[PDB]
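**Student:** chains from the complex, first installment, not repositioned:
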Amino acid sequence: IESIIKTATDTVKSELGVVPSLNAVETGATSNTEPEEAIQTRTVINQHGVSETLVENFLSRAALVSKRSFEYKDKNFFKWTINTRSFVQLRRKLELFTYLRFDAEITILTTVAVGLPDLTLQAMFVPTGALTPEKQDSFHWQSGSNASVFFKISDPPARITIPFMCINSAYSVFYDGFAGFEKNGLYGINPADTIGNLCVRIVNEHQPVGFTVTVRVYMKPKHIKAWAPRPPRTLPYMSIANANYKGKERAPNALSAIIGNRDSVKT
Amino acid sequence: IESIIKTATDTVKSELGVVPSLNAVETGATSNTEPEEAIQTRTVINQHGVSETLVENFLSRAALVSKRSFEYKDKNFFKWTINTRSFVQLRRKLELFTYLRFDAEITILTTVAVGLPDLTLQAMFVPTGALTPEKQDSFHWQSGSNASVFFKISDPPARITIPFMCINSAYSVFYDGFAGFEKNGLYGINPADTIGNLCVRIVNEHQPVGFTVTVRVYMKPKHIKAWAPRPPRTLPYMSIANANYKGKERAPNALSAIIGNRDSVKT
Amino acid sequence: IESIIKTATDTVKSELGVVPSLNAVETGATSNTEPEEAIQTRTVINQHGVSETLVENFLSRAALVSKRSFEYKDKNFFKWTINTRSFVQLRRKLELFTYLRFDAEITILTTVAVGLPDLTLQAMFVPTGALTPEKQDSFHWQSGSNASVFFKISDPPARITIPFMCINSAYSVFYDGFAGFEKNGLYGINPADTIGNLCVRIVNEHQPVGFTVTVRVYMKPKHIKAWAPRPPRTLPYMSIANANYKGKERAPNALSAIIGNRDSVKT
Amino acid sequence: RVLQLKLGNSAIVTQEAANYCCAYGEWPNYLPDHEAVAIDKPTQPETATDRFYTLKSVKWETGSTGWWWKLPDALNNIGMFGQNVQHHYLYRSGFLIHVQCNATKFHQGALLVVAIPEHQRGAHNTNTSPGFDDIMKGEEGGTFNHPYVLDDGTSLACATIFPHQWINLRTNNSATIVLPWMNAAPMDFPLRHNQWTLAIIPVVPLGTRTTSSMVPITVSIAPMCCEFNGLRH
Amino acid sequence: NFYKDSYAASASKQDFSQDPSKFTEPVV
């Protein structure tokens, strides 16, 4: 039964010769034998807030999702199909759930390595269906309908909120199924799950400068509703396109042994 | 009958042996046979918002309307007669309507290509009737009555709202008529439709620097009331001054064939 | 009779064989024969706002009033006695009135021509009676009582409001009279009409740099009450100190002919 | 079922067309007081110009591309409308177009009788704007060079967004469009500007067993609710 | 809008009124 839980629950003190009964575990019910029931307790008014375990507080961290250095004289720009599959520290944290519903909050952080130039950059967000650029000076950068954001380098980082643009009501993180309707379609790729493309270029023309532009993209998923939790992935990933597994050669996180072994069970 | 429509309309479930009647199509009435009437439906509470199809949401995108690089030692400045005819991605989107009533929101974005200089720029808006400059250092730049905006480069881009300055109550996008009252007047050019001139110079004096100043102007039409929609232009444009047409040599968007052909109609 | 007029006035429709009477023009009364009275009219609800013809809207434009480049190693600074006599586009617009009462809103715009330096500037406003500086490093710049404003170059332009500091209740734009009480006094110069002195220097010490500092001052008169309108000056000016006239050699704006001639009056 | 439309002194016997086309859902009216500019009293011929000026019937054969009449360039040189146009400086008028294409029951075809507001034409395969003699044809009107793209690069396939009716020679032989005043300005210049453009385009061409076939299309334009200003001569 | 001119405001994206029956049904 749904109820508002702000803090962790209290403990009631317990009460020679109590007589309990049997347990139901084979039915798939986690045992609700309270510590009040089983063992000797005291009254603990538990004021421990549960707020940092909330799914909104569990996933809204501006994690680095894209980092490329492009030289400047994909040459002279970079595009990035917005996925959560990129860095496996965030990927395992979002593969805990089956269906996610989040608004991304992209923060493009631009740094320049080698009298530093104050360049101007354009982070055009191309959704799926709109055409993506192929040069630094293509006519797609000057598109009216795409959501370009023009930011310099010596400023705060450019931050835009990308909404929930799945055509379904949640992102299928795991898609047990095939894309399209032709049988050569790729497994585990939902066509609805595609965010778009975040194309960043340098708006300036060709400058004789020897400076490399490192661009970091920080996605903070927010307004997160998450459904159907899953086992946390224990084996190492093999590709961003699928859930293949190989494991380490030995424990921990191996195929034959996820937990690091000990000598015996009576150790 | 006028009514407030915020979301797309619902569907009512339908009801062996219904007997409809004839249809009125030759009278220029689009068939209001609802899906409730014709085919078997269910009750779909349609919550799909129509708000992104609104004319205000269809045209208020800060589209690039002017982009010139001028060297700095029209030399040393540039002027631009404010038209929507410049880039044909916005032009086709505004040639959907006959009469438009929009307040432009000009955003001048200045970039410098080749120790970058922090120049100061003046984007003086010369309306039609006021004189336009002919040099970088003419006496028209120091005009009191023109709406100059003084912006540097290392700052946010200068943004001004140009109002609706047509002398008529809407912009004739298409003017089936002739300018003036002499019979040599140009076709399709309304003298009321002229916005003005956006003249941008570099306020600084002559600096021995080898830097090229690329200036982008972003017009976002806003407070848009639009009238009398038109067929979307399918053939490629031939000039910004008129609605001439040539078409591609072959389909698609050719004169003899707008739609790309197939083998047969029974394909 | 005084009345609030926000829009231009309406027209009432008129009414075989009306019989008007004579007219009074020699008495210096402009003819109040309404178009309702004389000719056939219709009812025109005139919604044309008159707000841009208001004297506050007619003169509050930040017109360029002072522009000097001073080299930096009056050398190394410049002072400027605040007058409206400087640029004749604003001067003719303020010589429409006899008595003005405006608060100036000075906006000092500093640009540097020839690794640009970020200098610091001081725009000290010396009113009349306080001493004006004679060097860049005089002890008058460090005066406590003068209203110095310290602004850099890479910033927004420094803007201060100078109040209405005439000792009379309005500025005599035209002073039919002589200054002081000695008969060598200059004609048309009111000692009360003097604003002060706007002295701008570079606060920095002597830098071996080859950069010229161009300083623009933008006065926007505001809170304007204006009295006793005048004929607009048609002939070209001859000096800022007086209302002398010479005219062009030929029409237009000549002494013998202000209006450009035609062939005959029956042309 | 047959009907007579009598505006002014001109009358036309018509078929009762169900649902006459009020263009953009509006009926033409005189200029209201809160939308007027020119202060002088507008002349208003209440039956002298508000009458059916039946234009010349154009022959619709099999190979006809279309016809266009720019209003009021069709009517500037005709009658009391043509006297008031050339003796005033402004005008404001709706129109009641009654296109009637009288054919037998053995003729086939379909016309798009469409009334295009502000039909800025284009010329094919040149970057020169159309001249005064290519736009202001007069009573004779103009034949469509390329009716499939409406002679301005747009599409005929989307031309039903305009006020339009169909003359399908099965169902009806007439179409009626009731045009309001369609301009940004409350009055305009009839010798310079042409607000509407009656375009009759045969989408499905004519047909019968004999190859030499012809059906005349009668166009009748009644300028409703005329105003004018600037009376001279 | 902290400006004094009503055209200077942000784009009023709130006009949800329709009247499709001046295009789909322009008839009488």
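**Tutor:** In hand now; what should we look at? Numbering: from 1, shown residues only, chains lettered A, B, ... in the order given.

**Student:** contacting residues around residue 5?
**Tutor:** You didn't say which chain, so I picked chain A. residue A:50 (Cβ atoms under 8 Å, 6 or more residues apart in numbering or on different chains). No exception for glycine: its C-beta is placed from N, CA and C like everyone else's.

**Student:** to clarify, I was referring to chain E.
**Tutor:** B:161, B:163.

**Student:** backbone dihedrals for it, please?
**Tutor:** Residue E:5 adopts backbone torsions of phi -110, psi 130, taken as degrees, to the nearest 10.

**Student:** any idea how far residue D:96 is from it?
**Tutor:** Using Cβ to Cβ, to the nearest Å, residue E:5 is found at 43 Å from residue D:96.

**Student:** over to residue E:4?
**Tutor:** The separation that residue E:4 has from residue D:96, given Cβ to Cβ, amounts to 47 Å.

**Student:** between these two, which is the more surrounded one?
**Tutor:** residue D:96 (23 against 6; other Cβ atoms under 10 Å in any protein chain shown).

**Student:** A helix includes the more buried one, no?
**Tutor:** No: under DSSP: H, G, I helix; E, B strand; the rest coil, residue D:96 falls outside any helix and is assigned strand.

**Student:** could you measure from it over to residue D:2?
**Tutor:** In terms of Cβ to Cβ, residue D:96 sits 18 Å off from residue D:2.

**Student:** and the most centrally placed residue in chain E, what does it touch?
**Tutor:** The centroid of chain E falls nearest to residue E:15 when counting by Cα atoms, centre = their mean (4.4 Å). Contact analysis of residue E:15 by Cβ under 8 Å, 6+ apart lists B:54, B:55, B:56.

**Student:** then chain F, please:
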Amino acid sequence: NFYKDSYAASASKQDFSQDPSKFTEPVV
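**Tutor:** Chain F, in position alongside the others:
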């Protein structure tokens, strides 16, 4: 106006009062 001086405010562009009959009719 967050300044303490009333002359420092923005330009009060609101004085729609007229009296043309001190110029067009300066008579008695």
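
**Student:** which helix or strand contains the residue nearest to the centre of chain E?
**Tutor:** Element membership for residue E:15 (DSSP states H and E) is empty, with no helix or strand holding it.

**Student:** list the contacts of the nearest residue to residue A:60 once chain neighbours are set aside.
**Tutor:** Nearest-residue entry for residue A:60: residue A:222, 5.0 Å, with adjacent residues in sequence omitted and distances by Cβ to Cβ, 6 or more residues apart in numbering or on different chains. Taking Cβ under 8 Å, 6+ apart, we find residue A:222 in contact with A:56, A:60, A:102, A:103, A:104, A:105, A:161.

**Student:** just the CA atoms of stretch A:1-20, as CSV, please.
**Tutor:** Coordinates of each C-alpha in stretch A:1-20 appear next as CSV, following Å, rounded to 0.1, in the frame of the first residue of the first chain:
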residue,chain,number,x,y,z
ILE,A,1,0.0,0.0,0.0
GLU,A,2,1.4,3.3,-1.1
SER,A,3,2.4,5.7,1.7
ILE,A,4,4.6,8.8,2.1
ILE,A,5,7.9,7.7,3.7
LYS,A,6,10.2,10.7,4.5
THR,A,7,12.5,9.1,7.2
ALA,A,8,13.5,5.5,7.9
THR,A,9,10.9,3.7,10.1
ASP,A,10,10.9,3.6,13.8
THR,A,11,11.3,0.5,16.1
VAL,A,12,8.7,-0.6,18.7
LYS,A,13,9.9,-2.3,21.9
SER,A,14,9.1,-6.0,22.1
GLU,A,15,7.7,-8.5,24.6
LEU,A,16,8.6,-14.9,28.2
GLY,A,17,7.5,-17.6,25.9
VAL,A,18,6.1,-16.0,22.8
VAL,A,19,4.9,-18.5,20.2
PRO,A,20,5.2,-17.5,16.5
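
**Student:** chain G should join the structure above:
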Amino acid sequence: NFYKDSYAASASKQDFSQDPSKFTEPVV
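**Tutor:** One more chain to add, chain G, which I have set with the ones above:
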């Protein structure tokens, strides 16, 4: 949130509702 879009707001970290008895007790 001074933007006009409700998805643009800061993260609403206030949903303290739970229902653990759809996971620990998914039974009838």
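
**Student:** since we added chain G, can you redo the contacts of residue A:5?
**Tutor:** So residue A:5 contacts A:50, G:16, G:17, G:18 (Cβ under 8 Å, 6+ apart).

**Student:** now the strands for chain E?
**Tutor:** E:17-18 (DSSP state E).

**Student:** how about stretch A:103-121, does it reach chain B?
**Tutor:** Yes: Stretch A:103-121 lies within reach of chain B by Cβ under 8 Å from any Cβ of the partner chain, at A:115, A:117, A:118, A:120.

**Student:** out of those residues, who's nearest residue C:15?
**Tutor:** Closest approach between the residues of stretch A:103-121 next to chain B and residue C:15, by Cβ to Cβ: residue A:120, at 67.9 Å.

**Student:** what's the closest non-adjacent residue to the closest one?
**Tutor:** residue A:203 (4.4 Å).

**Student:** cool, and residue D:183?
**Tutor:** Nearest to residue D:183 is residue D:195, by Cβ to Cβ, 6+ apart, at 5.2 Å.

**Student:** how about the contacts made by residue 24?
**Tutor:** Here I'm looking at chain A. residue A:31 are the contacts of residue A:24 under Cβ under 8 Å, 6+ apart.

**Student:** try chain E instead
**Tutor:** B:29, B:30, B:32.

**Student:** same thing but at 7 Å, please
**Tutor:** B:29, B:30 (Cβ atoms under 7 Å, 6 or more residues apart in numbering or on different chains).

**Student:** which phi and psi does it have?
**Tutor:** Torsion angles, degrees, to the nearest 10, at residue E:24: phi -80, psi -30.

**Student:** where's it relative to residue A:163, distance?
**Tutor:** Counting by Cβ to Cβ - residue E:24 and residue A:163 are separated by 31 Å.
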